[PDB]
Structures are given as C-alpha cells and as structure tokens.
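Here's the structure we're looking at; comments come further down.
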Amino acid sequence: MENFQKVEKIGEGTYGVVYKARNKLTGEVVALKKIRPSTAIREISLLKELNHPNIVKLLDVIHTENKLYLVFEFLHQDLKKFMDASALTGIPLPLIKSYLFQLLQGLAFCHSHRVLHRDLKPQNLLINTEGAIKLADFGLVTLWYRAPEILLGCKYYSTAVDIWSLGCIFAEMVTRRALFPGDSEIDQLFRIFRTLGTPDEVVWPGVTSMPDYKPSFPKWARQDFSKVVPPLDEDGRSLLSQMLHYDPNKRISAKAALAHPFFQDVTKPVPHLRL
Ligand SMILES: O=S1(=O)NCCCNc2nc(ncc2Br)Nc2cccc1c2
C-alpha cells in the first residue's frame, strides 16, 4: 500500500471510494478501491479466481490494519459517462449490440460458476478504446436496475436478477433515458408495474405469495412494448422483453440470450472516446 501513489479520485459507491493509482514498483496504473470482516475475505478471494475478458480483473487484495484495499485493472471510462457523452447523437446500434453481447458473455461465465453480480448499473460497466466492455465491482444507491423479485422481498434470488438489470441497461442505451428511474422501493416497483403490467398469478405464479407482495397494489395494464424502446427493431425488442420477464424462472438466461437472432449480425466496432 506504500507501493501505490494515489493519482486521483475517479469514483465512489455505497461501501467504497475508487482512486486512480500507480504502482511505484511496476509503474502500472490500477484502480484502487478503499472499503471501510472474515467471511467477505474468502468471498472476495474467490472472485480473484474469476478470469474472463469481459470481467474487470481483481489484481490484488490488501488488508491493512482494518481497511480492505481492492486493486482492479484500469479502464479509461464507464458506461454512464459514455452514455452522457453520447446523449445528443446516440450510441450506434452496432455498438449497443456488441456491448450487450459481451456483457452477456461476462454474465454467462459468472453465472456458470454460480456467481452473481447483484448490483449491475451503468457505473459498474467499463469500456476501452478497443471496443471492449467489462463488468466491474461485483456486489456481495440506485434501484433503477433492481429486479422485481428482490423488490418483492425474495431472499434467495437467482442469476436472473443480473439479466433484468442488463435489460434495463440495454433499453437505457437504446433510448438515452433510464428505463425505470424510481424514487423509492415502492416507486421503483410501481414504475415497473405502470409499464409491464401489475403482475399476478397469470404471468408470474407464486407472486401473490411473496413477502412484500400486496393485494392492495394498483392494477396497471401492460403497455404497448413498441412504446418502451423505439425505434429498436423487433429482434431487439424481442430479446429485451425476454430479459424483462417478471417470472425469474422464465426470464431468459445469459447463455440462451447469446443464441438469440438479434446477435446473428453481431460485430465489434470501437467507440469514439474522449479520455
Ligand atoms: O469517470 S469514470 O468513468 N468512473 C468509473 C469508476 C469505476 N472504477 C474504475 N474505473 C476505471 N477503471 C477501473 C475501475 Br474498477 N477507469 C476509469 C478511468 C477514468 C474515469 C473513469 C473510470
């Protein structure tokens, strides 16, 4: 830790602050995450074994007199910043397609190892000048991307939460507006309800038995999906609706998402970044 020189603060999260930092020995630029603890240690260290090109690599873990330092590979930008920068013109569809494909590759990998991200959001998605996109900062202040089963109090939720989050992100990339920008836990859920229809036993069996479910919920009509992500094409709209199915068991999995016609013409363009 005496090994690193803090260059600047590049981000912060609910349980950490992130610094750009150079290793004084190797010369390498890394992302340092300062945290504040024993079960988390194994868990964090099991995430070290996680090796995939679409997952931001955890290089080292450093535990100094209480204070957990996580050292991550360094990427020059995050997706929120890239979306804000592309606000007026739009990210080109080929690039959106590529990004989704890669992120689904990341998820398919993590998921086959029974590891979930849990807190996917544009700030946890990092891009390079080479057209790569990577999942960063796996969880162990934004509910905009939180799956409905979590919101409904399901404790033992599955990999499917990460697909829901990714669907929200996909829509957001396409429309340049957050899909479900909730103000609270009940506003998040009713905003989902206003768009996808109040769920019940017809579309999501078991739903009325969920911890936080209330027979008092307003009943909204599922709205026209053509109204959600115009002018996305039918292949794209088709994948997205499957990524946003209420019932986690019928929600499309990452691996199956890779085989969707939408990705028949997938390519690898680069962004124009301003670093
Ligand atoms: O403004 S940012 O998009 N904020 C993203 C912070 C997330 N942490 C992070 N950042 C970068 N590489 C790896 C990691 Br982890 N790289 C990075 C470099 C410069 C600017 C940013 C990120």
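Every chain in the structure tokens has a letter given in the order shown (A, B, ...), and although residue numbers restart at 1 in each chain, ligands are simply numbered from 1 in the order shown.
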Given only C-alpha atoms and all ligand atoms, how would the per-residue table for chain A near ligand 1 read, listing every residue at most 12 Å away with its closest atom pair and distance in Å to one decimal, sorted by chain and number, as JSON lines?
{"residue": "A:7", "atom": "CA", "partner": "ligand 1", "partner_atom_place_in_ligand_line": "19 (C)", "distance": 11.1}
{"residue": "A:8", "atom": "CA", "partner": "ligand 1", "partner_atom_place_in_ligand_line": "19 (C)", "distance": 9.4}
{"residue": "A:9", "atom": "CA", "partner": "ligand 1", "partner_atom_place_in_ligand_line": "6 (C)", "distance": 8.6}
{"residue": "A:10", "atom": "CA", "partner": "ligand 1", "partner_atom_place_in_ligand_line": "4 (N)", "distance": 5.1}
{"residue": "A:11", "atom": "CA", "partner": "ligand 1", "partner_atom_place_in_ligand_line": "6 (C)", "distance": 4.4}
{"residue": "A:12", "atom": "CA", "partner": "ligand 1", "partner_atom_place_in_ligand_line": "6 (C)", "distance": 7.2}
{"residue": "A:13", "atom": "CA", "partner": "ligand 1", "partner_atom_place_in_ligand_line": "7 (C)", "distance": 9.0}
{"residue": "A:16", "atom": "CA", "partner": "ligand 1", "partner_atom_place_in_ligand_line": "8 (N)", "distance": 10.3}
{"residue": "A:17", "atom": "CA", "partner": "ligand 1", "partner_atom_place_in_ligand_line": "8 (N)", "distance": 8.9}
{"residue": "A:18", "atom": "CA", "partner": "ligand 1", "partner_atom_place_in_ligand_line": "8 (N)", "distance": 5.9}
{"residue": "A:19", "atom": "CA", "partner": "ligand 1", "partner_atom_place_in_ligand_line": "8 (N)", "distance": 7.6}
{"residue": "A:20", "atom": "CA", "partner": "ligand 1", "partner_atom_place_in_ligand_line": "18 (C)", "distance": 7.0}
{"residue": "A:21", "atom": "CA", "partner": "ligand 1", "partner_atom_place_in_ligand_line": "12 (N)", "distance": 10.1}
{"residue": "A:29", "atom": "CA", "partner": "ligand 1", "partner_atom_place_in_ligand_line": "12 (N)", "distance": 9.2}
{"residue": "A:30", "atom": "CA", "partner": "ligand 1", "partner_atom_place_in_ligand_line": "13 (C)", "distance": 7.0}
{"residue": "A:31", "atom": "CA", "partner": "ligand 1", "partner_atom_place_in_ligand_line": "13 (C)", "distance": 4.9}
{"residue": "A:32", "atom": "CA", "partner": "ligand 1", "partner_atom_place_in_ligand_line": "15 (Br)", "distance": 7.3}
{"residue": "A:33", "atom": "CA", "partner": "ligand 1", "partner_atom_place_in_ligand_line": "15 (Br)", "distance": 7.4}
{"residue": "A:34", "atom": "CA", "partner": "ligand 1", "partner_atom_place_in_ligand_line": "15 (Br)", "distance": 11.2}
{"residue": "A:55", "atom": "CA", "partner": "ligand 1", "partner_atom_place_in_ligand_line": "15 (Br)", "distance": 10.2}
{"residue": "A:56", "atom": "CA", "partner": "ligand 1", "partner_atom_place_in_ligand_line": "15 (Br)", "distance": 6.9}
{"residue": "A:57", "atom": "CA", "partner": "ligand 1", "partner_atom_place_in_ligand_line": "15 (Br)", "distance": 8.5}
{"residue": "A:58", "atom": "CA", "partner": "ligand 1", "partner_atom_place_in_ligand_line": "15 (Br)", "distance": 8.5}
{"residue": "A:59", "atom": "CA", "partner": "ligand 1", "partner_atom_place_in_ligand_line": "15 (Br)", "distance": 10.5}
{"residue": "A:69", "atom": "CA", "partner": "ligand 1", "partner_atom_place_in_ligand_line": "15 (Br)", "distance": 11.8}
{"residue": "A:70", "atom": "CA", "partner": "ligand 1", "partner_atom_place_in_ligand_line": "15 (Br)", "distance": 8.9}
{"residue": "A:71", "atom": "CA", "partner": "ligand 1", "partner_atom_place_in_ligand_line": "15 (Br)", "distance": 7.9}
{"residue": "A:72", "atom": "CA", "partner": "ligand 1", "partner_atom_place_in_ligand_line": "15 (Br)", "distance": 5.4}
{"residue": "A:73", "atom": "CA", "partner": "ligand 1", "partner_atom_place_in_ligand_line": "13 (C)", "distance": 5.7}
{"residue": "A:74", "atom": "CA", "partner": "ligand 1", "partner_atom_place_in_ligand_line": "12 (N)", "distance": 3.7}
{"residue": "A:75", "atom": "CA", "partner": "ligand 1", "partner_atom_place_in_ligand_line": "12 (N)", "distance": 3.8}
{"residue": "A:76", "atom": "CA", "partner": "ligand 1", "partner_atom_place_in_ligand_line": "18 (C)", "distance": 3.7}
{"residue": "A:77", "atom": "CA", "partner": "ligand 1", "partner_atom_place_in_ligand_line": "3 (O)", "distance": 3.7}
{"residue": "A:78", "atom": "CA", "partner": "ligand 1", "partner_atom_place_in_ligand_line": "3 (O)", "distance": 3.5}
{"residue": "A:79", "atom": "CA", "partner": "ligand 1", "partner_atom_place_in_ligand_line": "3 (O)", "distance": 6.8}
{"residue": "A:80", "atom": "CA", "partner": "ligand 1", "partner_atom_place_in_ligand_line": "3 (O)", "distance": 7.1}
{"residue": "A:81", "atom": "CA", "partner": "ligand 1", "partner_atom_place_in_ligand_line": "3 (O)", "distance": 5.5}
{"residue": "A:82", "atom": "CA", "partner": "ligand 1", "partner_atom_place_in_ligand_line": "3 (O)", "distance": 7.8}
{"residue": "A:83", "atom": "CA", "partner": "ligand 1", "partner_atom_place_in_ligand_line": "3 (O)", "distance": 10.4}
{"residue": "A:84", "atom": "CA", "partner": "ligand 1", "partner_atom_place_in_ligand_line": "3 (O)", "distance": 10.7}
{"residue": "A:85", "atom": "CA", "partner": "ligand 1", "partner_atom_place_in_ligand_line": "3 (O)", "distance": 11.0}
{"residue": "A:121", "atom": "CA", "partner": "ligand 1", "partner_atom_place_in_ligand_line": "7 (C)", "distance": 11.2}
{"residue": "A:122", "atom": "CA", "partner": "ligand 1", "partner_atom_place_in_ligand_line": "3 (O)", "distance": 9.4}
{"residue": "A:123", "atom": "CA", "partner": "ligand 1", "partner_atom_place_in_ligand_line": "5 (C)", "distance": 6.2}
{"residue": "A:124", "atom": "CA", "partner": "ligand 1", "partner_atom_place_in_ligand_line": "7 (C)", "distance": 6.4}
{"residue": "A:125", "atom": "CA", "partner": "ligand 1", "partner_atom_place_in_ligand_line": "7 (C)", "distance": 7.9}
{"residue": "A:126", "atom": "CA", "partner": "ligand 1", "partner_atom_place_in_ligand_line": "12 (N)", "distance": 6.7}
{"residue": "A:127", "atom": "CA", "partner": "ligand 1", "partner_atom_place_in_ligand_line": "16 (N)", "distance": 8.4}
{"residue": "A:128", "atom": "CA", "partner": "ligand 1", "partner_atom_place_in_ligand_line": "16 (N)", "distance": 9.0}
{"residue": "A:129", "atom": "CA", "partner": "ligand 1", "partner_atom_place_in_ligand_line": "18 (C)", "distance": 11.7}
{"residue": "A:133", "atom": "CA", "partner": "ligand 1", "partner_atom_place_in_ligand_line": "12 (N)", "distance": 11.2}
{"residue": "A:134", "atom": "CA", "partner": "ligand 1", "partner_atom_place_in_ligand_line": "13 (C)", "distance": 9.4}
{"residue": "A:135", "atom": "CA", "partner": "ligand 1", "partner_atom_place_in_ligand_line": "15 (Br)", "distance": 8.9}
{"residue": "A:136", "atom": "CA", "partner": "ligand 1", "partner_atom_place_in_ligand_line": "15 (Br)", "distance": 5.6}
{"residue": "A:137", "atom": "CA", "partner": "ligand 1", "partner_atom_place_in_ligand_line": "15 (Br)", "distance": 6.3}
{"residue": "A:138", "atom": "CA", "partner": "ligand 1", "partner_atom_place_in_ligand_line": "15 (Br)", "distance": 10.0}
{"residue": "A:273", "atom": "CA", "partner": "ligand 1", "partner_atom_place_in_ligand_line": "3 (O)", "distance": 11.0}
{"residue": "A:274", "atom": "CA", "partner": "ligand 1", "partner_atom_place_in_ligand_line": "19 (C)", "distance": 10.4}
{"residue": "A:275", "atom": "CA", "partner": "ligand 1", "partner_atom_place_in_ligand_line": "19 (C)", "distance": 7.4}
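When DSSP is run on the backbone, the residues of stretch 197-269 of chain A that fall into helix (DSSP H, G or I) are residues 207, 208, 209, 225, 226, 227, 234, 235, 236, 237, 238, 239, 240, 241, 242, 243, 254, 255, 256, 257, 258, 261, 262 and 263 of chain A.
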(Q) Show me, as JSON, numbers by chain, the residues that have an atom within 12 Å of residue A:140 when counting only C-alpha atoms, minus same-chain residues fewer than 3 positions from it. (A) {"A": [15, 39, 40, 41, 42, 43, 44, 45, 46, 47, 115, 116, 117, 118, 119, 120, 137]}
Q.
Please list as a list in words every residue within 9 Å of stretch 230-233 of chain A, counting only C-alpha atoms and excluding residues in the same chain fewer than 4 positions away.
A.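 Non-adjacent residues within range: residues 93, 171, 174, 175, 225, 226, 237 and 238 of chain A.
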(Q) Ranking A:207, A:61, A:243, A:96 by minimum distance to residue A:162 and counting only C-alpha atoms, which one comes first? (A)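 With only C-alpha atoms as the atom set, the closest residue is A:243.
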(Q) If we count only C-alpha atoms and set the cut-off at 12 Å, which residues sit around residue A:209, ignoring sequence neighbours fewer than 5 positions away in its own chain? Please answer as a list in words. (A) residues 149, 152, 153, 154, 200, 201, 204, 214 and 215 of chain A
